[PDB]
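Here you get one chain, nothing else, as structure tokens; it is the form deposited in one PDB entry.
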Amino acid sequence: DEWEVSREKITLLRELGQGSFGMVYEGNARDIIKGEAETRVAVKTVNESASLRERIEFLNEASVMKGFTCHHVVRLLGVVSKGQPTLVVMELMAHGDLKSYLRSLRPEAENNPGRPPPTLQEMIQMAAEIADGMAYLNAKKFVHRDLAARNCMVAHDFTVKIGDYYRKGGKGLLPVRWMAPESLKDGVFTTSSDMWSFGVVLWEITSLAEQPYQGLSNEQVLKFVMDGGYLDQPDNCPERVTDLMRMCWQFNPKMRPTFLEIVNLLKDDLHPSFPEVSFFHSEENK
């Protein structure tokens, strides 16, 4: 409602890549945040191949995001809903998705930015931020359903946030290699099966985003995990992250931690700013 922004305040710089509804652009937004003359933004658009239904759904999803104020979830900044084209204006995440970011710190990487792979301190900070954002989503009664490094984003200051590979199935496409065994079985998704996928994200973080279950076909992964298999620990993985993975990969979903529980385990070794920005420490959790 008060989220409307004049189309004329958005300038578009360059393509960021295809999103679910259309091309996402990097841009600038004039006078969109009090105290900032100009804000780097991501700008979501919808293909002209969209049905009227998809255009209406594109805007309805932005409406849902108006209810979200969490430092560790990529936030909506504004909507262009009057006239066409329509634009959903998001916080810019200048280091892109977490999978591409991880692969770029591999020693072999052509786009290596000349810094070493993540430290233990950096990996625990990442884990806490992702879990804090997921805890927020869960309090808002949303099951993510698709947690994976590809759907986590990295900010200019390297904060990780929840953003917004697949086999066909009876209810839609399934991210088989990130799915809990009970989801492979009946196709139900819960915060507990989200906690499974969180463990896979920690595995991607500690493997610099190798492909989970490489060398296994989608059909074999589905049987391996349903039987009780799980990923092997990457070489020289810190014990502390290995212990998180083991919690996440309990076969019984009832024995997995909650996202608030993850942040509690990690809270004492975080950047000093974390209690200032986290959902965990906020009065919305107290």
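In case it trips you up, residue 1 is the first one in the sequence shown, and so on.
Asks: Select one of none, 1 to 3, 4 to 9, or 10 or more to describe the deposited residues without coordinates separating residue 97 and residue 98.
Replies: Nothing is missing.
Asks: Which is higher on average in the deposited entry, the C-alpha temperature factors of 252 to 260 or of 60 to 68?
Replies: Taking the mean B-factor of the alpha carbons in each, 60 to 68 is higher.
Asks: According to the deposited model, is the average Cα temperature factor higher in 273 to 281 or in 5 to 13?
Replies: It is 5 to 13 that shows the higher mean C-alpha B-factor.
Asks: Which one of 121, 151, 190, 84 shows the top CA temperature factor in the record?
Replies: In this record, 84 carries the highest C-alpha B-factor of the candidates.
Asks: Can you pull the Cα B-factors for 216, 200, 93, 89 from the entry and say which is highest?
Replies: By C-alpha B-factor in the record, 216 ranks first.
Asks: By the record's CA B-factor, is residue 26 among the lowest, middle or highest third of residues in the chain?
Replies: Within its chain, residue 26 is a lowest-third residue by C-alpha B-factor, going by the deposited values.
Asks: Within this chain, which third does the Cα B-factor at residue 177 fall in: lowest, middle or highest?
Replies: As the PDB entry reports it, the C-alpha B-factor of residue 177 lands in the middle third of its chain.
Asks: Split the chain's modelled residues into thirds by Cα B-factor; is residue 242 in the lowest, middle or highest one?
Replies: Ranked within chain, residue 242 CA B lands in the lowest tercile.
Asks: Would you mind ranking residue 105 by its C-alpha B-factor against the rest of the chain and naming the third, lowest, middle or highest?
Replies: CA B-factor rank for residue 105: highest third.
Asks: Using the B-factor values recorded in the entry, state whether the Cα atom of residue 186 falls in the lowest, middle or highest third among the modelled residues of its chain.
Replies: For residue 186, the deposited C-alpha B-factor lands in the highest third.
The following text describes the form solved in complex with a small molecule, which does not appear among the structures shown.
Asks: Among 18, 92 and 97, does every residue place a heavy atom within 4.5 Å of the small molecule in the entry with it bound?
Replies: Answer is yes for this spot.
Asks: Have a look at 180 to 188, 193 to 201, 83 to 91, 211 to 219 and name the one stretch with heavy atoms inside 4.5 Å of the small molecule in the entry with it bound.
Replies: Heavy atoms within 4.5 Å of the small molecule in the entry with it bound occur in 83 to 91.
Asks: Let me know the one among 265, 270, 10, 24 whose heavy atoms come within 4.5 Å of the small molecule in the entry with it bound, would you?
Replies: Exactly one residue meets the criterion: 24.
Asks: The small molecule isn't shown here, but in the entry with it bound which of 248, 42, 29, 225 has a heavy atom within 4.5 Å of it?
Replies: In short, 42.
Asks: Answer yes if any heavy atom of residue 74 is within 4.5 Å of a heavy atom of the small molecule in the entry with it bound; otherwise answer no.
Replies: Output for residue 74 is yes: heavy atoms within 4.5 Å of the small molecule.
Asks: Is residue 130 close enough to the small molecule in the entry with it bound to count, meaning some heavy atom within 4.5 Å?
Replies: Taking the distances in the entry with it bound, the answer for residue 130 is no, it never comes within 4.5 Å of the small molecule.
Asks: Residue-level contact is defined here as any heavy atom of the residue lying within 4.5 Å of the small molecule in the entry with it bound; does residue 153 satisfy this criterion?
Replies: Taking the distances in the entry with it bound, the answer for residue 153 is yes, it comes within 4.5 Å of the small molecule.
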